[PDB]
Structures are given as structure tokens and as C-alpha cells.
Amino acid sequence: XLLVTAXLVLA
Amino acid sequence: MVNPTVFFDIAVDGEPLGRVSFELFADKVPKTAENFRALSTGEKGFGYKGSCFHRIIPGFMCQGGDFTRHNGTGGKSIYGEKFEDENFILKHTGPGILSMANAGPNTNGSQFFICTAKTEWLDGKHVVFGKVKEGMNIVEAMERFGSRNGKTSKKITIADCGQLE
């Protein structure tokens, strides 16, 4: 999907 | 504080692309603005100069600030490994918003993203702390080097950064 993470990038 | 302005000079594989400057909202999120300001000046003897935007997704955002690992797993704040979500007063209102990337509540480090679109779904999960002042066309040009999965066709680096005012 559209997220901005640091470590587990999701969809 | 009276709102600081920071600049990044972007390079693509070493060739210069130009400068983007940011207004940091130190009047609403003083702690978060200050962490980004000092990492841009490198005054604690560590910061963003020489790091790269490791994930750019066209129509969404450009992500960078992982000066430790260069890939999304590292980076650190001037307050230590991580710090708390100061507040969610400002929203992700459109292109040019600067906001903190994290790995869940109160995990802010040094990673950030420049929005190239309105990202309302991130409201209340990520702390908005600034906006692009000058150089949005440099950001739209950086979007073109990214992909659906965020991998970049060239190494995009912050060749130099500092505070202007």
C-alpha cells in the first residue's frame, strides 16, 4: 500500500 | 524559535541537480524541527550530509535520512536512538510536506519523507514538521529516478546541507 516506515516496509 | 530554513543540495550520481530549502515549523513541533535542523548542520558531529534518498515512489514521496545504514534500517536522532511523537497538530496537506518516517509509535530517528502528493492517510501516524520553501521542481525531478517499489535508478544524495536562516 503506501506507507513510510523504517524497518518493516508494508504494502 | 522564529522558523529556521535549511537547505539540501541534491546530486544524482555526483552530478548536481540543485537546492531545495525547507521551512521547519519550530513554532509547533520545536523538538522535531530541532532534531532535523541539527542533523542538517551536522553540528553534533553526525547528520545528513552525504546520505541518500533510498526509497522514492513516484506520486507519493521521497524518503531519506538513514545516514547509518543507507537502506531504511538505520539512522538516529540527536536525542538518542529514538524519540517520541511530539504531536500531530499539522496534517499531510499536499506536495512539499516534510514528515517523519517511523516504525510505530515514538520511534522517530532521523528518517523523513518529502511528500509529492497529499498523503491524508498518514495523518496522526507521522509527525509533519516542515514544508519545501524553494526547489519543489528539484523534488519533482527526483521523483523520476524512483519506481513503484521505491528503488532508485541512480544514487540521489544530499551532497551538502546546512541552515540558511
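Residues numbered from 1 in each chain as written, not as in the entry; some residues may be left out. Chains lettered and ligands numbered in written order. Heavy atoms only, no water. Residues with missing side-chain atoms left out of burial classes, pairs and counts.

Draft legend 1. Focus on the overall build of chain B. Each helix and strand in chain B was counted, giving 2 helices and 8 strands. Along chain B, from the amino end to the carboxyl end, the secondary structure elements read β-β-α-β-β-β-β-β-α-β. For a compact globule of 165 residues, the expected C-alpha radius of gyration is about 15 Å, and chain B comes in at 14 Å, within 12% of that figure. In terms of its C-alpha atoms, chain B occupies a principal-axis envelope of roughly 35 × 35 × 30 Å. As displayed, chain B offers around 7,200 Å² of accessible surface, 51% of which is attributable to carbon and sulfur atoms. (Helix = DSSP H or I, 4+ residues; strand = E, 2+ residues; numbered from the N terminus. Rg over C-alpha atoms; globule rule 2.2 N^0.38 Å. Areas by Shrake-Rupley, 256 points an atom, 1.4 Å probe, with all protein chains shown as cover.)

Draft legend 2. Layout of the packing of aromatic side chains. All names here are of chain B. Inspection of the entire model under this criterion finds 15 aromatic pairs over all chains. Between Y48 and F67, the ring centres sit 6.2 Å apart and the planes meet at 75 degrees, which makes this aromatic pair edge-to-face. Remark: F67 occurs in the loop between β4 (61-64) and β5 (97-100) and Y48 occurs in the loop between α1 (30-41) and β3 (55-57); sequence separation between them is 19 residues. Among the aromatic side chains, those forming a connected cluster through ring pairs are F8, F22, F36, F46, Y48, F53, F67, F112 and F129. Between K31 and the ring centre of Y79, over which it is positioned, the NZ or CZ distance is 4.7 Å. Seen from the ring of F46, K76 lies directly overhead, with NZ or CZ sitting 4.7 Å from the centre. (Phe/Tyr/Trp six-rings, centres within 6.5 Å; stacked < 30°, edge-to-face > 60°. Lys NZ or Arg CZ within 6 Å of the ring centre and 35° of its normal.)

Draft legend 3. Molecular detail of the pairing of β4(B). Residues and elements named next belong to chain B. Where burial is concerned, the two faces of β4 agree: the one with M61 and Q63 and the one with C62 and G64 are both buried. Looking at chain direction, β3 and β4 are connected through 3 bridges and run antiparallel. What sits directly across from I57, in β4, is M61. (Buried < 20%, exposed > 50% of the residue type's maximum accessible area, 1.4 Å probe, protein only. Pairing = 2+ DSSP bridges.)

Draft legend 4. Expanded view of the pattern of salt bridges. Residues and elements named next belong to chain B. Summed over all chains, the structure comprises 10 salt bridges over all chains. Of the charged contacts in the structure, one is a salt bridge between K154 and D13, with a shortest N-O distance of 3.4 Å. With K154 in the loop between α2 (136-143) and β8 (156-163) and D13 in the loop between β1 (5-12) and β2 (15-24), this pair connects stretches of sequence that are 141 residues apart. Overall, the relative accessible area of 34% leaves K154 in the partly exposed class. Of the charged contacts in the structure, one is a salt bridge between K133 and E23, with a shortest N-O distance of 3.0 Å. Of the two residues, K133 sits in strand β7 (residues 128-134) while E23 sits in strand β2, which places them 110 residues apart along the sequence. Overall, the relative accessible area of 16% leaves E23 in the buried class. (Salt bridge = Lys/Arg side-chain N within 4 Å of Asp/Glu carboxyl O.)

Draft legend 5. Seen up close, α1(B). Residue and element names in this part refer to chain B. Relative to the 16 Å expected for 12 residues at 1.5 Å per residue, α1 spans 16 Å between its end C-alpha atoms, a close match to the ideal helical length. Inspection of α1 places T32, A33, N35, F36, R37, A38, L39 and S40 among the buried residues, and these make up the whole buried set. In the core, the buried residues of α1 are packed alongside β1, β2, β5, β6 (112-115), β7 and β8. A positive phi of about 70 degrees marks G42, the residue just after α1. (Expected span 1.5 Å × (residues − 1). Contact = heavy atoms within 4.5 Å.)

Draft legend 6. Inspection of the side chain of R55(B) at higher detail. Among the secondary structure elements, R55(B) is positioned in strand β3. Within the buried core, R55(B) has no salt-bridge partner, and the shortest N-O distance to an opposite charge, that of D66(B), equals 11 Å. Of the polar contacts made by the side chain of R55(B), one reaches the backbone oxygen of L3(A); its length is 2.9 Å. Residues within four places of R55(B) in sequence aside, it is in contact with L3(A), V4(A), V9(A), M61(B), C62(B), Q63(B) and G150(B). (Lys, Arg positive; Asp, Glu negative; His and termini not counted. Polar contact = N/O pair within 3.5 Å; in protein donor to acceptor, adjacent residues only side chain to side chain.)

Draft legend 7. Up close: the UniProt feature "domain: PPIase cyclophilin-type" in chain B. Here, UniProt's "domain: PPIase cyclophilin-type" annotation points to residues 7-163 of chain B. Secondary structure over residues 7-163 of chain B splits into 13% helix and 29% strand, and the C-alpha atoms at its two ends are 6 Å apart. (UniProt positions renumbered as here; feature names shortened; annotations may be inferred.)

Draft legend 8. The arrangement of the environment of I138(B) in detail. Residue and element names in this part refer to chain B. By the element assignment, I138 lies in helix α2. Between the C-alpha atom of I138 and that of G18, which follows or precedes it by 120 residues, the distance is 6.3 Å. Sequence-distant contacts of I138, defined by excluding residues within four places in its chain, comprise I10, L17, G18, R19 and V20.

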